[PDB]
Amino acid sequence: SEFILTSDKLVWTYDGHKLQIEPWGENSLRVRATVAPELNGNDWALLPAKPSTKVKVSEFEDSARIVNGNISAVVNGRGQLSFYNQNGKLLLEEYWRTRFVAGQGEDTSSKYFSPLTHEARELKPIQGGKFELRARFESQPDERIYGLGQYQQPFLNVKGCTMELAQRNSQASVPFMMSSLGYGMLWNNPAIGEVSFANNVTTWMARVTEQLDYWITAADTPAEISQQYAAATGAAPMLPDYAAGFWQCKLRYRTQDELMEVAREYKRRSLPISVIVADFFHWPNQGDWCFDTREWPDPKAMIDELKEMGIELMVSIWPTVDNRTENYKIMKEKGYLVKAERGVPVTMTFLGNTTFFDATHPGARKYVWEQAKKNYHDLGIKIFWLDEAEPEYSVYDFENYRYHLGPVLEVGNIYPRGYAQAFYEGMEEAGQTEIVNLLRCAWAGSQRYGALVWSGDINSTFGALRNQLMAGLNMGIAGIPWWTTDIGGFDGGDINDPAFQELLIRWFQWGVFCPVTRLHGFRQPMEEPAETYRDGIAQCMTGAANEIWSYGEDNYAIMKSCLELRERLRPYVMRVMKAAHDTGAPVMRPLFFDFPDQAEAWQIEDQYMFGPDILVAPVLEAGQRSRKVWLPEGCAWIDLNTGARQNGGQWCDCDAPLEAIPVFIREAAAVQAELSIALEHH
Amino acid sequence: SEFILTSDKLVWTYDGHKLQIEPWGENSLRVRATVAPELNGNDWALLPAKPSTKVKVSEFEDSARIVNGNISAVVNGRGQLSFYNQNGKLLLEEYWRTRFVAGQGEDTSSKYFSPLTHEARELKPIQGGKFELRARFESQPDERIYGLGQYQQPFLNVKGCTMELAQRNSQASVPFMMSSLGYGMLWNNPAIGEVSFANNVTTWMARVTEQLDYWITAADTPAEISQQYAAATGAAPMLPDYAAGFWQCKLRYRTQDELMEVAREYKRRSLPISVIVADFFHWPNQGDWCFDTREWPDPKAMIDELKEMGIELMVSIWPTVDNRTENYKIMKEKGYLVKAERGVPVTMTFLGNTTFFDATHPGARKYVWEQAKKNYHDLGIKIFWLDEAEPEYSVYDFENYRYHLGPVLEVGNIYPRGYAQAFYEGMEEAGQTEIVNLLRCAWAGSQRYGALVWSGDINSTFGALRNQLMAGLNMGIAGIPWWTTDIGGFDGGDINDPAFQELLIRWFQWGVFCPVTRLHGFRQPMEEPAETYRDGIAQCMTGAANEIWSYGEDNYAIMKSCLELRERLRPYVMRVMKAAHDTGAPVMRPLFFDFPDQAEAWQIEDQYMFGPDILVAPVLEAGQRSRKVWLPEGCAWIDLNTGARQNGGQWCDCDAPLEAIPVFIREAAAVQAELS
Amino acid sequence: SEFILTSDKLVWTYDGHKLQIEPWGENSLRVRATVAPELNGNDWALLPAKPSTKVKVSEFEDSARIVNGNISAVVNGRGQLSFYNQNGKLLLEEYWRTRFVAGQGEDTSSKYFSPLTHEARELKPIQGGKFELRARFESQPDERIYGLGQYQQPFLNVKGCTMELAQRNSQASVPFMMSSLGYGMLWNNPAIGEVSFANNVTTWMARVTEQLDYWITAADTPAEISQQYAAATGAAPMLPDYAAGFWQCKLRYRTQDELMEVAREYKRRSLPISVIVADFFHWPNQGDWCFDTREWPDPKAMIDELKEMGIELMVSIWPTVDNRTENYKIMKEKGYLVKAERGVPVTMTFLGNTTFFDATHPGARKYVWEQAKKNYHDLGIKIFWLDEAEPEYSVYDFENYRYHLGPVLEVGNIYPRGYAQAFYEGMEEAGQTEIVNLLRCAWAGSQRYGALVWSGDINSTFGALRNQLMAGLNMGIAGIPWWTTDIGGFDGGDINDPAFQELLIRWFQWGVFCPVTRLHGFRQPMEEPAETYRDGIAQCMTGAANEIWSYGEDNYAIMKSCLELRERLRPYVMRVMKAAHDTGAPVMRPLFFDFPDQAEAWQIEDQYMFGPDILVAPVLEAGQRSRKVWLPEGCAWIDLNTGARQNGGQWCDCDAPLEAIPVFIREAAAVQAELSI
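Residue numbers (our numbering), protein chains in the order written: chain A, 357 to 1038; chain B, 214 to 889; chain C, 172 to 848.
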């Protein structure tokens, strides 16, 4: 084996395998490995690193070492790699089980000595092709793991869980993890695959790839890790003011008159409303990207009236292009569409045979943006709903599809980032600042393209609500601070069912304390279109009403006070949004983000912090009217609902009537006054 | 290496490779090879063999031999196989190029000695799966090769050609070959692949298979080879009388009234017409298998009036099932549909998203037949047009589809045979005899299911007509005697274009001397449907008129006389059809079939025999008004068009005006008196 | 969706998917699924079922149910399956995440409703070939999982772990699992793959297969699950008496004289010795399966003399066949060897180019047995060391190898079971009873072929000792009662190193309370052969001495008292072996096997039961001289080393000097009397 060492780079080589470790931001290292002649030029989610001045490269015995601030990497003579912090504590070590490695006998006194023959950096050649990559690391008994994106599962800590590295409706792979051991790690590789944080071994897998690529950072607090990650992959922009208010939506307002009636009724009742939404199939065909003027006769007039009312319109964008449209003909000519490797050249069959635009193709991004610009942005629409962002193949046979940047197996997970990029870059070029679009999916770095992500088409149950809480917290840790849900869930809520009405209330109450407060759903009983087809184009149904007055008088009163509460929170929300932009901190965050020195903060998964000053303890079960709440040590807490003061460092058997969830304010935080919390003496 | 010999079976084995050779009908052997533990039970196109007279299995110093009448197989100690006829002449030998084979050094004095390392029976393992098979044989410089099915190419002799073993619109792989060296061979394996008759080596390839399987037969004449093949894979039924008359069709008679007006016009003018046809999209949706009563308000009244007129109705069957239909729901429940391996579960996107019924699934065959029986056969339709029989995937990605019997890569080519089988078996069970359906495709043995095959959606050119002549002849050699074309070709004929009208006439004149005489096409100028969609179902266009009066007076006169001639030919046609049923002889035959001892008969590709008594020399070029015609030795020939007698064994500079193609009758054959 | 129900079989079908559930032994069900036209005839590890008492198949609402004693299966109208015990408790449920299944909308009120589109029985077609199978089940928060075979990892409970379903040196996939929820499950499928017991979902995977196949059983106690599993896949035989004594081995006694001098020295010192072993490369070439008479001049005289001394000889069998031998030519002719799919036709390159005999080929099994019979068994050898049983490919590229029964990807894991079968059937046919052979690997049902499994070529460390304890316990739960290790580990032990000597003693002390007590290793400093080659055949090195007197006088005294202790335990060991044969109970068992109602028995992984009457608490750290020990409630416990009585239901801060590990005897068990007498 051979080291090639310079003052700021460590390369190890043996039999064509090249391992390269280098600084990539303060307290951070990038790690690449290949068996090709050279590393390629793909940086994926990593921005160019601002240089590190005090990088120390050294050799000792048969080993080499690279130190960059609070992280160091050691590679021994056998090419085996481990990472340490400034205190010499082991952060992460490769998993090797061999008797012979890098042309040398393995040391029989090591746990690495084994006839099993597993390598830590397995670049397994695909016959005729590239490589199937497994990167193996030792599991650690104390290790708790967070981030990875948005998964539909009741686990905040994902140690012992296995996550698919793929994009499907209601899932988002954003592969940055944060460890309780004091490091964060980005898997800087958009290949379809899997990460297993199994108790016995950690394995990251890429189905098809040219090389291993990851980024690792070390710091004493979660806040510092989140900041270092945002410096590596990009900060969220500043959120525009309107986005902190109430977003009203449903599947679907079918006509201009129907949408405007709802907007006007909100104003007629003196209710807060910042954003109203025209959902999908408001267009003539998929891939036209314009209003159908039979249902939407004068969209400019709608937008102008809504502006006068203080309301922004957001419109559904679908990435689908129906093969009967004019844009299909042009986009096919130009090579701007995704391709099927085998079988009929159709990627989705929903209400027509469509092909997704290729969001990895720079030309296709520009083309789609310029259509949305002409037909929507030029009329005054400032927010786009980038739906189906995965994209939602009718069948998730990732092997069967190919993009501009290569087979979906190799590059597929970056699609939603390109989709966000198309609109963000277009809107920025058109002169807009503080851009936010609603994205169903993301990859590493999507935050830099103003991606407000929502958790997609989940069912309307308490089980779903519990999953969304974990998912949103993990999305924030993965560097996606702008995140939300369909208040009430998407599918299955009957507006006349008491059981659903109870869920809607609990979900709405939680929603007040989400980064964005957004009511959406496909409510029952659903209504079929008058005509199944029109001119051969299949017509889209609607669900039932989904406004805060649609669920009876008692529920209206609760939701109205939720809206009023959210308006009072807006100044605080904007401060926390500014902090996300400045520091990479999430908006909704696990307890350990603000209280990393407290053991309960690393164990509790049903409470969180909404910024630094609000402790939230959602009600996640039907019929529940009280719950246990841990109040962190280090300050006093003001009960939002009673005005009562409680000392930190204790548990509360807290009241949780249907009318409110337990919420506490850090005593004397500016937000306490902004909420007008008072206690009356009767 | 080891031989395991019994009185009627030769087995050779080394390192798990098992080669088994046994009699399979008179003068014929079956050859199988596997590296699996045992041979499987798949017989594919081979029927159970009648036990053979005089099979003899012998062992020699190093070798073993099995003889069955006029064929023998010799396997040497290295497992290398060659075939000989009863005169000891070499028929066929395996191609080997190795230095070491079956655990032994190769003989340096043999052409088999080579460091290249190519085996004759290469079962190359597919990782995780089955085998990719190549069977190699030495080429022979004097070998002429015929059969293989229906390929769109101007070659009767296919030595030096490479043929895809797959089913596509206008192509049919029917993998029986006949060699001028005195053998025939069936590749008894429905796998997607290829047959290369390259000058340097012959290679049969199967992409995915469990085992090598082929059938080889020897005889002194082509007629005996055809007979032995029909004995092995099944005889054509007897053709029913109505099928020898005129079949009138176009794309498409859109309504009951439109069809009936054409039929009434034929009868009004005392013109022959035996079959009239309702083409595709006469149904409400794909997979309903019934008339759409909006355009066909009383199918029984149509059938009854046609019955009065002496005319049979044939209807289009498509094997597609639109995913919005009731039959889709039920067939999907029962697992009766073809499956996509990856991607959207749609096999065709023509006028809707459809999935083909699985013709390899015996349940699906029965289900589809019973729909056709209920909606058509019970009304008195007894001829079906089994279109899209390949099946016609929108994209021919064979690796992406799977049938009941397995991946299309392994079993795909048998689909058209299953499709014919579904209707034949159903029709027979309903009491019908002399069954014929119009199939777009076939595999080996399709003839036994009454498959009248046509050459599909070719263009309307003289180039296409030349190709069809070769293809039809090769189909007959491949054991498909009932074969025809769209007279005029399918695509691109403008009815007002004089150049197309000349092609139509020449093609029609040829069609009189085809096994079935059938007018069809998609004529220009075409017309879009009034409504593009109705209830969200895409509507099907039509072409222009395609009746014998549609092309002017001169052309009407010529086509009318052609129909009248075909009527006078019918007794002869039925005799030739009966001989096809009895002996496996094709109806349209290359010259060497009837004159195998004459050199010219193995060279000439632009003449043929319509049965044993009629020599036909089609005009295959625009503007041509004469051509050279070779008259075979051994009889005198009567010019059909002048009555002049010419001695055989000479070339004629023969007149070929637009009104007639050169045709000669064997002097004193019964058909001579029938045509005068 | 359609049910086809008979009195003893439930079939559900949609779009060619066939799900079939039926009784397969008392309290047990077999589950199969296929998209092929029919199920194939592969039973793999399952023996023919004894027809069960009171099976009931019924259809209710849109569902169907099949009950067989204490287990039942319910399949709903969407083809979704779950299992329950006789008390209606949920045992195991399928994992579904779809919006549309079996031609029906999914129920939006269920956790099954999801746009992700994951099926529970995913038979994903391989283009041109068979199927890549994933069987998904919901994880359960309370569930603790045991068994699966032998994995090199410090986990008894493997919930949260992912195990490779493949055979490698030091690993054995024996895919029977036992759950704390009250069921056991056999993955009756020898395909290469993986089982993931992740916290978020349980997934079994087969890389290539024709069909889903598994067997599930229900009972109130671990002992009943073990009995039901042994009924389904076969019981261990009765162990022969000699097997409970001391096995002396090393890598390697190179000559007859060297081996015999070791055996003689054991007798001269009045030490117990029941088995002595001639390790690998005692033969002229790989595939000869005989003694090289240059080093072993009179094997029959050696065997007769050892018989006279009360010692059984075991000989190394390697499954390799060198391409220059006469058996290679013959076995190649007959198709008895494993095949490489691509590349040079060589499966291993260790001391020559060899090819493994095909243990899935019944002809090859018989051929190899008859060679061993002729050259070893006919002379009086009664025990074979079936080494390299995985088999140990030089490169574990499973995709590149094919067996008689198919590609290694589809069938590979059954090889070690075939290998044990070859010798057991052959030995049984020659009239031998109570057959035991030493196997390096196993599959489901290997126990019925007398397979004493050992944990292979592990390193000589305390970390390895800890892993071995977990592995052997899990092997027992997977139905392999006869299990052992190399005392001291295999690789890295220098005989002059005090640190290794300490590990040796701790490992030897644990060894006394393993199903078999066997000393083996490749001890340093190693010795190269005099000549690297002889007649072109590469010669095999040896390690240093590995006898109980080889490590100094103080260590000798400790190992001597260990051997004497083992001899006093033999009557008890034989009773526990008889129980293994009769009931399927393992010999070394987790605490919960004997004490299933006590919470600590399901948490503690560093103590175990050696049969029902001996509680063992090994020392697993260097320099440790005391450790904590939990004594189960329900009986009193007698300290083996002092004689002190202690009440059950407490922790002892227990003495653990170098000279003894903490061990307690159930008061009034017959073994207490046997040890004091």
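All C-beta atoms in this analysis are idealised placements derived from N, C-alpha and C, irrespective of residue type, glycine included.
Using a Cβ-Cβ cut-off of 8 Å (strictly less than) and excluding sequence neighbours within five positions of residue i, which residues of its own chain qualify?
i	result
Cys-896 of chain A	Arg-608, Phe-636, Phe-637, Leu-707, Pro-885
residue 139 of chain C	This structure gives no information on residue 139 of chain C, because the portion of chain C shown stretches from 172 to 848.
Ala-411 of chain B	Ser-352, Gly-373, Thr-375
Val-244 of chain B	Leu-232, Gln-233, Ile-234, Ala-286, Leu-294, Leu-425, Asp-426, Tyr-427, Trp-428, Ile-429
Note down, in chain order, every chain A residue with its Cβ under 8 Å from the Cβ of residue i.
i	result
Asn-613 of chain B	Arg-698, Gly-699
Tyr-746 of chain B	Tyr-889, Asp-891, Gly-892
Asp-662 of chain C	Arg-455, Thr-464, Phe-469
Near residue i, what residues of its chain come up, given a Cβ to Cβ distance below 6 Å and the 5 sequence neighbours on each side ignored?
i	result
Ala-291 of chain C	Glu-265, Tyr-266, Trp-267, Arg-307
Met-527 of chain B	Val-488, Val-490, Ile-596, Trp-598
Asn-396 of chain A	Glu-566
Can you grab the Cα-Cα spacing for the pair residue i / residue j, in whole Å?
i	j	result
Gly-663 of chain B	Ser-276 of chain B	44 Å
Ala-873 of chain B	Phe-721 of chain B	10 Å
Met-544 of chain B	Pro-497 of chain B	18 Å
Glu-673 of chain C	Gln-695 of chain C	15 Å
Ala-315 of chain B	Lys-505 of chain C	11 Å
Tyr-499 of chain C	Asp-493 of chain C	6 Å
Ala-602 of chain B	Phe-726 of chain B	25 Å
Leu-200 of chain C	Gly-353 of chain C	14 Å
Does the Cβ of residue i have 16 or more other Cβ atoms within 10 Å, making it buried, or fewer, making it exposed?
i	result
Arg-698 of chain A	buried
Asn-443 of chain A	exposed
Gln-376 of chain A	buried
residue 1043 of chain A	What the structure shows of chain A is the stretch from 357 to 1038, and residue 1043 of chain A is not part of that stretch, so it cannot be assessed.
List, in chain order, every chain A residue whose beta-carbon is nearer than 9 Å to that of residue i.
i	result
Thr-333 of chain C	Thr-518, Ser-552, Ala-554, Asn-555, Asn-556, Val-557, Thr-559
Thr-698 of chain B	Result: empty, since nearest Cβ-Cβ is about 30 Å, beyond 9 Å.
Going along chain A, which residues have a C-beta under 7 Å from residue i?
i	result
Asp-501 of chain B	Result: empty, since nearest Cβ-Cβ is about 18 Å, beyond 7 Å.
Rank the options by C-alpha distance to the C-alpha of residue i and give the top, closest one.
i	options	result
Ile-960 of chain A	A:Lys-934, A:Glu-661, A:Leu-829	A:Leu-829
In chain B, which residues lie with their C-beta within 7 Å of the C-beta of residue i?
i	result
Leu-580 of chain C	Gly-341
Applying a beta-carbon distance threshold of less than 7 Å, which residues of chain C neighbour residue i?
i	result
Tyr-752 of chain A	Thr-288
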